[PDB]
Each structure stands twice: as structure tokens, then as C-alpha cells.
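With PDB, C-alpha atoms inside, this is final32.pdb:
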```
ATOM      1  CA  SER A 633      55.281   8.671 -55.424  1.00  0.00           C
ATOM      2  CA  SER A 634      56.850  11.631 -57.203  1.00  0.00           C
ATOM      3  CA  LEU A 635      54.393  11.356 -60.079  1.00  0.00           C
ATOM      4  CA  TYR A 636      51.382  10.891 -57.797  1.00  0.00           C
ATOM      5  CA  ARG A 637      52.232  13.665 -55.343  1.00  0.00           C
ATOM      6  CA  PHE A 638      52.732  15.875 -58.416  1.00  0.00           C
ATOM      7  CA  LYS A 639      49.948  14.515 -60.615  1.00  0.00           C
ATOM      8  CA  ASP A 640      48.980  17.944 -61.961  1.00  0.00           C
ATOM      9  CA  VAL A 641      52.177  19.746 -62.932  1.00  0.00           C
ATOM     10  CA  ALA A 642      53.566  19.527 -66.457  1.00  0.00           C
ATOM     11  CA  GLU A 643      57.363  19.274 -66.211  1.00  0.00           C
ATOM     12  CA  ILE A 644      57.296  16.599 -63.497  1.00  0.00           C
ATOM     13  CA  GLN A 645      54.799  14.379 -65.312  1.00  0.00           C
ATOM     14  CA  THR A 646      56.447  14.795 -68.718  1.00  0.00           C
ATOM     15  CA  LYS A 647      59.993  14.180 -67.515  1.00  0.00           C
ATOM     16  CA  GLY A 648      58.732  11.392 -65.260  1.00  0.00           C
ATOM     17  CA  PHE A 649      57.213   9.618 -68.232  1.00  0.00           C
ATOM     18  CA  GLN A 650      60.525  10.178 -70.013  1.00  0.00           C
ATOM     19  CA  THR A 651      62.567   8.552 -67.244  1.00  0.00           C
ATOM     20  CA  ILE A 652      60.063   5.725 -66.826  1.00  0.00           C
ATOM     21  CA  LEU A 653      60.142   5.119 -70.582  1.00  0.00           C
ATOM     22  CA  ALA A 654      63.941   5.085 -70.440  1.00  0.00           C
ATOM     23  CA  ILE A 655      64.087   2.516 -67.641  1.00  0.00           C
ATOM     24  CA  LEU A 656      61.315   0.464 -69.247  1.00  0.00           C
ATOM     25  CA  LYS A 657      63.336   0.480 -72.457  1.00  0.00           C
ATOM     26  CA  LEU A 658      66.408  -0.697 -70.547  1.00  0.00           C
ATOM     27  CA  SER A 659      64.431  -3.405 -68.734  1.00  0.00           C
ATOM     28  CA  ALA A 660      61.010  -4.834 -69.540  1.00  0.00           C
ATOM     29  CA  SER A 661      60.629  -6.434 -66.102  1.00  0.00           C
ATOM     30  CA  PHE A 662      60.358  -2.925 -64.619  1.00  0.00           C
ATOM     31  CA  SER A 663      56.635  -2.951 -65.372  1.00  0.00           C
ATOM     32  CA  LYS A 664      55.208  -5.596 -63.047  1.00  0.00           C
ATOM     33  CA  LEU A 665      57.192  -3.918 -60.281  1.00  0.00           C
ATOM     34  CA  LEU A 666      55.810  -0.562 -61.439  1.00  0.00           C
ATOM     35  CA  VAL A 667      52.161  -1.590 -61.255  1.00  0.00           C
ATOM     36  CA  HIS A 668      53.057  -3.392 -58.026  1.00  0.00           C
ATOM     37  CA  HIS A 669      53.875   0.107 -56.792  1.00  0.00           C
ATOM     38  CA  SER A 670      50.444   1.122 -58.204  1.00  0.00           C
ATOM     39  CA  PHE A 671      51.618   2.612 -61.490  1.00  0.00           C
ATOM     40  CA  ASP A 672      48.004   2.433 -62.696  1.00  0.00           C
ATOM     41  CA  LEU A 673      46.847   5.644 -61.018  1.00  0.00           C
ATOM     42  CA  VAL A 674      49.237   8.040 -62.725  1.00  0.00           C
ATOM     43  CA  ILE A 675      48.986   6.483 -66.199  1.00  0.00           C
ATOM     44  CA  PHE A 676      45.195   6.213 -66.064  1.00  0.00           C
ATOM     45  CA  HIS A 677      44.599   9.722 -64.748  1.00  0.00           C
ATOM     46  CA  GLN A 678      47.169  11.330 -67.051  1.00  0.00           C
ATOM     47  CA  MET A 679      46.032   9.476 -70.171  1.00  0.00           C
ATOM     48  CA  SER A 680      42.459  10.426 -69.307  1.00  0.00           C
ATOM     49  CA  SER A 681      43.229  14.080 -68.600  1.00  0.00           C
ATOM     50  CA  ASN A 682      45.552  14.679 -71.574  1.00  0.00           C
ATOM     51  CA  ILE A 683      42.789  13.563 -73.916  1.00  0.00           C
ATOM     52  CA  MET A 684      40.409  15.600 -71.751  1.00  0.00           C
ATOM     53  CA  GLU A 685      42.753  18.582 -72.015  1.00  0.00           C
ATOM     54  CA  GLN A 686      44.641  19.758 -75.113  1.00  0.00           C
ATOM     55  CA  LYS A 687      46.081  16.599 -76.667  1.00  0.00           C
ATOM     56  CA  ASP A 688      49.798  17.266 -76.997  1.00  0.00           C
ATOM     57  CA  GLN A 689      51.471  15.147 -79.652  1.00  0.00           C
ATOM     58  CA  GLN A 690      54.719  14.163 -77.939  1.00  0.00           C
ATOM     59  CA  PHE A 691      53.363  13.928 -74.383  1.00  0.00           C
ATOM     60  CA  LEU A 692      50.570  11.580 -75.412  1.00  0.00           C
ATOM     61  CA  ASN A 693      53.094   9.767 -77.614  1.00  0.00           C
ATOM     62  CA  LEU A 694      55.287   9.035 -74.602  1.00  0.00           C
ATOM     63  CA  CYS A 695      52.101   8.170 -72.696  1.00  0.00           C
ATOM     64  CA  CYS A 696      51.079   5.484 -75.166  1.00  0.00           C
ATOM     65  CA  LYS A 697      54.733   4.439 -75.497  1.00  0.00           C
ATOM     66  CA  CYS A 698      55.094   3.486 -71.838  1.00  0.00           C
ATOM     67  CA  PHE A 699      51.525   2.182 -71.898  1.00  0.00           C
ATOM     68  CA  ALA A 700      52.505  -0.090 -74.790  1.00  0.00           C
ATOM     69  CA  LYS A 701      55.629  -1.234 -72.973  1.00  0.00           C
ATOM     70  CA  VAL A 702      53.444  -2.140 -69.983  1.00  0.00           C
ATOM     71  CA  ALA A 703      50.692  -3.535 -72.238  1.00  0.00           C
ATOM     72  CA  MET A 704      52.614  -6.792 -72.691  1.00  0.00           C
ATOM     73  CA  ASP A 705      52.435  -9.651 -70.148  1.00  0.00           C
ATOM     74  CA  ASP A 706      48.638  -9.773 -70.266  1.00  0.00           C
ATOM     75  CA  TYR A 707      48.379 -10.931 -66.642  1.00  0.00           C
ATOM     76  CA  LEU A 708      49.498  -7.392 -65.849  1.00  0.00           C
ATOM     77  CA  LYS A 709      46.857  -6.174 -68.299  1.00  0.00           C
ATOM     78  CA  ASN A 710      44.283  -8.127 -66.302  1.00  0.00           C
ATOM     79  CA  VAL A 711      45.330  -6.659 -62.969  1.00  0.00           C
ATOM     80  CA  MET A 712      45.297  -3.237 -64.641  1.00  0.00           C
ATOM     81  CA  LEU A 713      41.749  -4.020 -65.764  1.00  0.00           C
ATOM     82  CA  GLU A 714      40.802  -5.043 -62.227  1.00  0.00           C
ATOM     83  CA  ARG A 715      42.204  -1.827 -60.790  1.00  0.00           C
ATOM     84  CA  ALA A 716      40.550   0.159 -63.590  1.00  0.00           C
ATOM     85  CA  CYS A 717      37.082  -1.189 -62.859  1.00  0.00           C
ATOM     86  CA  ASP A 718      37.809  -0.788 -59.146  1.00  0.00           C
ATOM     87  CA  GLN A 719      37.360   2.886 -60.005  1.00  0.00           C
ATOM     88  CA  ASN A 720      34.764   4.354 -62.353  1.00  0.00           C
ATOM     89  CA  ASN A 721      37.399   5.174 -64.977  1.00  0.00           C
ATOM     90  CA  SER A 722      35.323   3.903 -67.894  1.00  0.00           C
ATOM     91  CA  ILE A 723      37.550   5.090 -70.745  1.00  0.00           C
ATOM     92  CA  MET A 724      40.552   3.108 -69.557  1.00  0.00           C
ATOM     93  CA  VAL A 725      38.607  -0.111 -69.096  1.00  0.00           C
ATOM     94  CA  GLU A 726      37.240   0.478 -72.611  1.00  0.00           C
ATOM     95  CA  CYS A 727      40.819   0.836 -73.831  1.00  0.00           C
ATOM     96  CA  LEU A 728      41.990  -2.301 -72.026  1.00  0.00           C
ATOM     97  CA  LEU A 729      38.968  -4.184 -73.359  1.00  0.00           C
ATOM     98  CA  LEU A 730      39.810  -3.120 -76.903  1.00  0.00           C
ATOM     99  CA  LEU A 731      43.417  -4.144 -76.266  1.00  0.00           C
ATOM    100  CA  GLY A 732      42.898  -7.458 -74.509  1.00  0.00           C
ATOM    101  CA  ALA A 733      41.083  -8.507 -71.347  1.00  0.00           C
ATOM    102  CA  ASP A 734      38.322 -10.810 -70.129  1.00  0.00           C
ATOM    103  CA  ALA A 735      35.198 -10.114 -68.112  1.00  0.00           C
ATOM    104  CA  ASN A 736      35.206 -13.893 -67.575  1.00  0.00           C
ATOM    105  CA  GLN A 737      38.433 -13.749 -65.567  1.00  0.00           C
ATOM    106  CA  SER A 743      33.594 -12.226 -60.871  1.00  0.00           C
ATOM    107  CA  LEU A 744      34.120  -9.011 -62.792  1.00  0.00           C
ATOM    108  CA  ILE A 745      30.440  -8.474 -63.577  1.00  0.00           C
ATOM    109  CA  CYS A 746      29.715  -9.300 -59.939  1.00  0.00           C
ATOM    110  CA  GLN A 747      32.331  -6.769 -58.825  1.00  0.00           C
ATOM    111  CA  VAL A 748      30.884  -4.136 -61.126  1.00  0.00           C
ATOM    112  CA  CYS A 749      27.361  -4.870 -59.878  1.00  0.00           C
ATOM    113  CA  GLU A 750      28.366  -4.768 -56.205  1.00  0.00           C
ATOM    114  CA  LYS A 751      30.152  -1.442 -55.792  1.00  0.00           C
ATOM    115  CA  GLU A 752      27.462   0.889 -57.209  1.00  0.00           C
ATOM    116  CA  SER A 753      29.193   1.313 -60.546  1.00  0.00           C
ATOM    117  CA  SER A 754      28.243   3.436 -63.618  1.00  0.00           C
ATOM    118  CA  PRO A 755      25.922   2.078 -66.321  1.00  0.00           C
ATOM    119  CA  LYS A 756      28.381   2.726 -69.156  1.00  0.00           C
ATOM    120  CA  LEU A 757      30.879   0.516 -67.341  1.00  0.00           C
ATOM    121  CA  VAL A 758      28.300  -2.277 -67.150  1.00  0.00           C
ATOM    122  CA  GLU A 759      27.512  -1.849 -70.847  1.00  0.00           C
TER     123      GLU A 759
END
```
Now that the file is in, can you turn its structure into C-alpha cells?
Amino acid sequence: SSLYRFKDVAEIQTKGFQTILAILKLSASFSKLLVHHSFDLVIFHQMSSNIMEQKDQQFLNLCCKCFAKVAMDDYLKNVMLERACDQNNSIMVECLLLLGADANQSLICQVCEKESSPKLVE
């Protein structure tokens, strides 16, 4: 809630990724709970925007660090994929597809129903 209500400022998002990376280092089970609290929105929007903006080294490094720590337990990767295609956030579904996912988990039906983007269908 702190990261989402402050999804634009720099110090909050950077230090928030730092604290989340710290707790995720201390406990790996604090990832399913995180995405249960809809962790997907902050990580997707920030990882999209930081590449869209000036790509800082260390900020994006912490970004992919916590994203790697949540990338395990591929059931969570699948629900992250489902929430990613629930939006038209094509880059992140492309990333999760390169990482590991399945359109046969339907998903093509969901992408055809809700007026989605052609690059997402491709």
C-alpha cells in the first residue's frame, strides 16, 4: 500500500524495494503473501517505467533481484502471468513468457474476450 500510493516518487520506491528485498532474503515464503497482497502492480509498473525512463543500474538491479526472488515457485509465476495479461502490460507478459509460463494453463480465450492488444495476442 505504501509502494502503490507512492508509485511515482524515487526514495519511497527505491527504499521499498530495498526493504522488500531484505525481507525476501530473510524468508522466501514472503512472496506468495506479497502477490496475494497484489505485489504485481508495483513491480510491473516500476520495471516497465524504469526501462521506459533512464535505466539506473542499481535500482533496476534491485528490481530484477526481488523479481528473481519472486520468480521461483512457478505457480506464482503463472498467477503473475494471469494478472499481467489481465492488463495490457505486454512487456511483462513477454518477460514472464521468456522466463517460464504456459498459454495452455483459457488464456487465449481471456485475451480474445477483453478487447486486448494485437501484440499481446502475437
Where is the centre and how long are the edges: axis-aligned box on stretch 653-663 of chain A, 8 Å on each side, Å to one decimal, as lines of an AutoDock Vina configuration file:
```
center_x = 61.5
center_y = -0.7
center_z = -68.5
size_x = 25.8
size_y = 27.6
size_z = 23.8
```
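Those residues positioned at most 12 Å from (40.3, -1.9, -72.6) are residues 676, 699, 703, 706, 709, 710, 711, 712, 713, 714, 715, 716, 717, 721, 722, 723, 724, 725, 726, 727, 728, 729, 730, 731, 732, 733, 734, 735 and 757 of chain A, judged using only C-alpha atoms.
For residue A:646, the list of residues within 9 Å, based on only C-alpha atoms and with local chain neighbours fewer than 5 positions off taken out, reads residues 641, 651, 691, 694 and 695 of chain A.
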Practice item. Name all residues at most 12 Å from residue A:666 (count all atoms listed in the file; drop same-chain ones fewer than 2 positions away) and give them as JSON, numbers by chain. Key: {"A": [633, 652, 653, 655, 656, 659, 660, 661, 662, 663, 664, 668, 669, 670, 671, 672, 673, 674, 675, 698, 699, 701, 702, 708, 712]}
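Interatomic distance, atom CA of residue A:682 to atom CA of residue A:744: 27.7 Å.
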Practice item. With all atoms listed in the file counted, which protein, DNA or RNA residues have an atom no more than 9 Å from (48.2, 20.7, -69.2) in the file frame? Please answer as a list in words. Key: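 Every residue inside that radius is included here: residues 640, 641, 642, 681, 682, 685, 686, 687 and 688 of chain A.
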Review point. Could you work out how far atom CA of residue A:737 lies from atom CA of residue A:697, giving the answer in Å with one decimal?
Key: 26.4 Å
Exercise for review: For atom CA of residue A:637 and atom CA of residue A:677, quote the distance in Å rounded to one decimal.
Suggested key: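 Computed distance, atom CA of residue A:637 to atom CA of residue A:677, equals 12.7 Å.
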**Study point:** Selected residue, from A:690, A:751, A:678, A:658, that lies nearest to residue A:635 when counting only C-alpha atoms
**Key:** A:678
